[PDB]
Amino acid sequence: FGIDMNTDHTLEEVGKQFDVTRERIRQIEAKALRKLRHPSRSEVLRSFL
Amino acid sequence: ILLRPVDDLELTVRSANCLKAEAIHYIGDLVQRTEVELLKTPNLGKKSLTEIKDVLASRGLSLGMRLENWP
DNA sequence: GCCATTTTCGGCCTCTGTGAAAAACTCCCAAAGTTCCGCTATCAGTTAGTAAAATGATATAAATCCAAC
DNA sequence: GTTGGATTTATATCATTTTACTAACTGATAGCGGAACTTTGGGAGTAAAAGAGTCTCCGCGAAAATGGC
């Protein structure tokens with residue numbers, strides 16, 4: 001999502017920067033979004049909507 | 001706080017499965033059961049107990065305390 | 001040194017809303033715009049699989065300790 | 001006083017559950033490029049002869065800096 005960087009990236013570029021493939025990166029992102037969808041770490045960001 | 005789903009606890013899936021083994025549905029149910037009672041459980045071992053008690057201490061309510069007229 | 005024509009100024013706040021004339025067509029050609037379809041890239045959604053790590057359960061070995069003789 | 005079985009701790013190995021990393025299918029969706037078609041946009045041309053501008057306005061005064069003689 002291009003935060004604190006000069007450009008945005010697809011999962012190919014993130015896969016190449018690490019030693020990791022398409023589906024792996026896709027499901028690390030999925031895991032991150034489930035982690036942040038938890039109510040414990042989301043009350044602060046709710047007020048931003 | 002004692003009226004929230006155990007889901008809203010951020011615990012490892014092993015611990016969640018183990019808690020569903022004893023049909024613990026909401027929090028507070030978890031706190032009226034001591035450590036020796038809990039540990040006598042399939043797959044709910046040492047490290048899971050330390051994780052659950054550390055998250056409980058983050059909630060601040062470690063295992064054991066009693067209350068009135070629940071519910 | 002003296003007319004004689006230009007140039008330059010003329011208090012602070014507050015509200016306020018403007019549409020109001022004016023008369024050609026015609027033909028040819030090129031480029032932009034609109035729309036449709038096909039290929040390609042990119043991602044969510046889901047399932048199943050395999051190796052490995054993590055964790056718990058059980059096993060195997062002693063410490064010692066406590067009761068009975 | 002004691003001592004040996006047993007009733008607990010101590011250390012290690014095994015099984016179960018989960019994690020980390022693959023691929024394949026599914027379904028869509030957006031973006032780009034080309035071909036055709038319709039719209040827009042620029043240019044050239046017109047053969048009774050037609051052959052000198054507005055422009056209403058123009059209810060200002062005192063002083064000073066400028067040419068012209």
# chains A, B, ... in the order shown; residues from 1 in each chain; ligands from 1
>>> select_by_dssp(residues="chain A", states="helix (DSSP H, G or I)", output="PyMOL selection string")
chain A and resi 11-17+22-36+39-41+43-46
>>> write_last_selection(atoms="C-alpha atoms", output="PDB file, in the first residue's frame")
ATOM      1  CA  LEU A  11       2.703  -8.710  -5.004  1.00  0.00           C
ATOM      2  CA  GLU A  12       5.346  -9.503  -7.645  1.00  0.00           C
ATOM      3  CA  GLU A  13       7.655  -6.762  -6.378  1.00  0.00           C
ATOM      4  CA  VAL A  14       7.056  -7.654  -2.726  1.00  0.00           C
ATOM      5  CA  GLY A  15       7.664 -11.295  -3.614  1.00  0.00           C
ATOM      6  CA  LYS A  16      10.947 -10.447  -5.321  1.00  0.00           C
ATOM      7  CA  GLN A  17      12.169  -8.192  -2.499  1.00  0.00           C
ATOM      8  CA  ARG A  22       2.315 -14.786  -5.013  1.00  0.00           C
ATOM      9  CA  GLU A  23      -0.088 -16.736  -2.805  1.00  0.00           C
ATOM     10  CA  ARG A  24       2.197 -16.496   0.219  1.00  0.00           C
ATOM     11  CA  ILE A  25       2.186 -12.684   0.071  1.00  0.00           C
ATOM     12  CA  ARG A  26      -1.541 -12.630  -0.633  1.00  0.00           C
ATOM     13  CA  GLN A  27      -2.266 -14.614   2.522  1.00  0.00           C
ATOM     14  CA  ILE A  28       0.179 -12.701   4.714  1.00  0.00           C
ATOM     15  CA  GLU A  29      -1.834  -9.643   3.693  1.00  0.00           C
ATOM     16  CA  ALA A  30      -5.039 -11.560   4.425  1.00  0.00           C
ATOM     17  CA  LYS A  31      -3.700 -12.484   7.868  1.00  0.00           C
ATOM     18  CA  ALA A  32      -2.746  -8.864   8.521  1.00  0.00           C
ATOM     19  CA  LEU A  33      -6.228  -7.668   7.595  1.00  0.00           C
ATOM     20  CA  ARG A  34      -7.857 -10.257   9.860  1.00  0.00           C
ATOM     21  CA  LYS A  35      -5.485  -9.218  12.660  1.00  0.00           C
ATOM     22  CA  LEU A  36      -6.386  -5.549  12.228  1.00  0.00           C
ATOM     23  CA  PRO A  39     -11.770  -5.003  17.746  1.00  0.00           C
ATOM     24  CA  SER A  40      -8.800  -4.747  20.125  1.00  0.00           C
ATOM     25  CA  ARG A  41      -6.588  -2.800  17.687  1.00  0.00           C
ATOM     26  CA  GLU A  43     -11.048   1.544  18.053  1.00  0.00           C
ATOM     27  CA  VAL A  44      -8.543   4.288  17.211  1.00  0.00           C
ATOM     28  CA  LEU A  45      -8.963   3.835  13.456  1.00  0.00           C
ATOM     29  CA  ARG A  46     -12.763   3.684  13.728  1.00  0.00           C
TER      30      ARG A  46
END
>>> residues_around(residues="residue B:1", least_positions_apart="3", cutoff="12 Å", atoms="only C-alpha atoms (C1' of nucleotides)", output="ChimeraX atom specification")
/B:4-6,8-9,26-29,31,56,59-61
>>> residues_around(residues="residue C:46", least_positions_apart="5", cutoff="12 Å", atoms="only C-alpha atoms (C1' of nucleotides)", output="list in words")
residues 24, 25, 26 and 27 of chain D
>>> interface_residues(of="chain D", to="chain B", cutoff="12 Å", atoms="only C-alpha atoms (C1' of nucleotides)", output="list in words")
residues 15, 16, 17, 18 and 19 of chain D
>>> closest_residue(among="D:11, D:53, D:21, D:36", to="residue C:36", atoms="only C-alpha atoms (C1' of nucleotides)")
D:36
